[PDB]
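Here we start with a single chain on its own, the form deposited in one PDB entry, put down as structure tokens.
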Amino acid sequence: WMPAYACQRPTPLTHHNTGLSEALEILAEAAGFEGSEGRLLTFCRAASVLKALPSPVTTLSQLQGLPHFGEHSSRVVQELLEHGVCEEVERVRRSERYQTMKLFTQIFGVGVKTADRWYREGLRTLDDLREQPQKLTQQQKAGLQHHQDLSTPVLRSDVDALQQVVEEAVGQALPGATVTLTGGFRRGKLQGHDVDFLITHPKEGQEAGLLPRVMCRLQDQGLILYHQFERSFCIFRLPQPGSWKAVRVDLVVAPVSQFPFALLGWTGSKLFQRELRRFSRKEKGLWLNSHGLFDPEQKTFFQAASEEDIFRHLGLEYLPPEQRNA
């Protein structure tokens, strides 16, 4: 029987039920736009279950016994198997609410709450937002100005170039400091919508104060189109053939003692980390975050030298990043 938590099963990047999972993820997204985090989670988990199957679902009976498939998600699959389309999914796709909330929430600096308020105010398009910039944060003005570039997929070739320039700035800010690619690209994705880096130093404590020094140096190189500590959400100026494009880059610093936990957290997927933390607390009674793993009975933190250590601590079989695509 397939386990109920996504951290208990390998989930590869590409799989055998793409259309089915994409349909359920539409309904998950729509649930989020309406504030129903519980329904979002169920649809997300049901989608991830299908991503973990070893072959295509061809018949409804193949759902029997799969975790997170009840009446609703089963009916969605049933209709896709019978008619190739699910009326509910298509109604969501076409709805003005879904399209506008998707458009607005995809803006850097705009969340569900902001998008929803704007929708209730009658706003529908990006130019509607541009007409009244007085009500925008600096972060939202940056997200809107750069929205077109930020909607273009980042390519792995872009990533290698960004990593070079980040290492140069890190190397000047603190000799010996290291840069690790995380996020979706570490899980094997060939494209993404941003690039994530994790920075540390092998001498505990030397990483303190590092991120301001890195940012100051990137800014002096003329590479920072926007930025706001240990997490920096930037927009980088990435060279292009005879030009350049804006790219979202996340820079994160962790002391080496916490590096395994921060690597694990920032490598994702988002659902995988939520499931891993849920598993940790509910099944093992341990509290997991990107800083460490806490035993609340003994009041002690687990020491980890690797991701492998963390999986072992939790009684889980190790999963490489490429199998964490829940």
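Sequential numbering from 1, following the sequence displayed. Between two forms, the rigid core is the largest collection of C-alphas that superpose within 1.5 Å.
In this entry, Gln132 and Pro133 are joined directly, with no residue of the deposited sequence lacking coordinates between them.
Taking the mean C-alpha B-factor of each stretch as recorded, 296-304 and 276-284 are not equal, and the higher mean is that of 296-304. Two stretches are in play, 79-87 and 183-191, and the higher mean C-alpha B-factor belongs to 79-87.
When the C-alpha B factors of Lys141, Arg248, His201, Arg231 are read from the deposited coordinates, the top value falls at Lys141. Listed residues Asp160, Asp196, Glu207, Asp149 were ranked by CA B-factor as deposited; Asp160 comes out on top. In this PDB entry, the Cα temperature factor of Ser290 sits in the bottom third of its chain's modelled residues, the lowest group. The deposited CA B-factor of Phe108 belongs to the lowest third of values across its chain.
The deposited CA B-factor of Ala52 belongs to the middle third of values across its chain.
In the deposited entry, the Cα temperature factor of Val253 sits in the bottom third of values across the chain's modelled residues. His16: CA B factor lies in the lowest third for its chain, per the PDB record.
Beyond the structure shown, there is the form deposited in another entry, which is absent from this document and is the topic of what follows.
Aligning the rigid core between the shown form and the other one and inspecting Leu63, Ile26, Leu286, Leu41, the C-alpha positions shift by 2 Å or more at one residue, which is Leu63.
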